[PDB]
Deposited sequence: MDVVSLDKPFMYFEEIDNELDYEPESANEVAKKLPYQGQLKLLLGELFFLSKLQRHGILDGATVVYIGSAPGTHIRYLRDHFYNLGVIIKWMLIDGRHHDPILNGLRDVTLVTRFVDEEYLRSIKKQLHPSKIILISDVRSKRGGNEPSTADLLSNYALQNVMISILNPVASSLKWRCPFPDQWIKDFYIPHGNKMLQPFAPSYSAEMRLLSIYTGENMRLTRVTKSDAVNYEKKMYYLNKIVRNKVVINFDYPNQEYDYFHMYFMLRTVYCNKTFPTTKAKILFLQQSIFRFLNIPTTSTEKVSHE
C-alpha cells in the first residue's frame, strides 16, 4: 500500500478531489455500525437524539443494532427502537424492552399507521432496504425511501444511497437533500454512501452525469485513496479505512473518561470489534 500523509480522511462524497476511470469477517455489520454510530452521534451532538424513536426499516438481521442500543442505553439517552423488516431479526435483539421487533414489509399504508401510532414523538429514520439489483430496483427503492420521508416526516434520516451506474441509466429521479456520508470498511469497490439529512424536505434531481461523477469519484476513492497507509497517523493500524474509522469514532460519546483521544478510539474499536467478533 503506497504511503500518504493526511490530516483528515474524506468524510463526505463532496470532499473527493480527484477521479479515475472505473475498470474482514462480517465486514458489513461493521460498515453499518460505524455509519449509524456516526449518524446518531451527530444527532446526539445536536441534542435531538434524546427522546427520539429510531425507526429502522430493512433492519434484519441487524446484529450490529444491539451494539447501537446498548451504547446509547449506557449513555442514559432515552431512545425507543422500532425495527421493521420482512425477514426475522438476529435473536441477539430479543428481550429488550426498548426494542420493538416488527416482521413486516413496509408499504405506503403501513407507514401511515406507524406515523399515527408514533405521532407526535420525534422520529429518526434509518433505511437499509434492498431488493445484483437493477436500476428499476434502485428507483423503486429510492421512491420508497422518499415515501418514508414524506409520511414519517422524521426529524432526521439516514438513507441507503447508491447511484445507478451510468451505463444502466433509465431516467432522472429525485432524492432528499443531505450530506452523502462515506462508508469505511465498505466492499472493496462499492460506491454506496449513506444520505444523512436533518430537516428544518427539498428534493434534488439526479442525472446521468451525476452517475458518471459518482462512478469515477468512488472508483478513485476505492482504488487509490483506500489503498493508502497514512504514515503520520498515530494508531496501531494506519490503513486508510482505519484512519477513516478513527475520525468517525471521535464523534462518539462515552461515559468512561480516557487520558487521550487515541485511547478512547482504541477502546471503542476494541469494543466494536469484540462484539462483532472481529480479530
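What the model leaves out of the deposited chain are the segments 24 to 33, 142 to 146, 216 to 218, 298 to 307.
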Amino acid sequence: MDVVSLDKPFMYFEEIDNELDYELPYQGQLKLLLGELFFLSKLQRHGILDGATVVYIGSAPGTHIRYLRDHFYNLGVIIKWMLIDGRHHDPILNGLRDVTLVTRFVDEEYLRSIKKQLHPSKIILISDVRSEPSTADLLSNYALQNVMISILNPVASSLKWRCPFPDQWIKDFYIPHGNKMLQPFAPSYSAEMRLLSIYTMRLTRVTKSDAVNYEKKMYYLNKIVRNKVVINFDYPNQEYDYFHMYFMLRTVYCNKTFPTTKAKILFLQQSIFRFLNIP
From here on, numbers count along this sequence of modelled residues.
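The mean Cα B-factor in the deposited entry runs higher for 202 to 210 than for the other of 202 to 210 and 93 to 101. Here the stretch with the larger average CA B-factor, out of 132 to 140 and 179 to 187, is 132 to 140. You'll see in the entry that, of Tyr220, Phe233, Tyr56, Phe39, the Cα B factor peaks at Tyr220.
Ranking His71, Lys171, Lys122, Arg194 by Cα temperature factor from the entry places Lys171 first. Per the deposited record, the Cα B-factor of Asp85 falls in the lowest third when ranked against the other modelled residues of its chain. Sort the modelled residues of the chain by CA B factor and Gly51 lands in the middle third. Ranked against the other modelled residues of its chain, the C-alpha B-factor of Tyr240 as given in the entry falls in the middle third. Sort the chain's modelled residues by C-alpha temperature factor and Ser158 lands in the lowest third, per the entry. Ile265 sits in the middle third of its chain by CA B factor, as recorded in the PDB entry.
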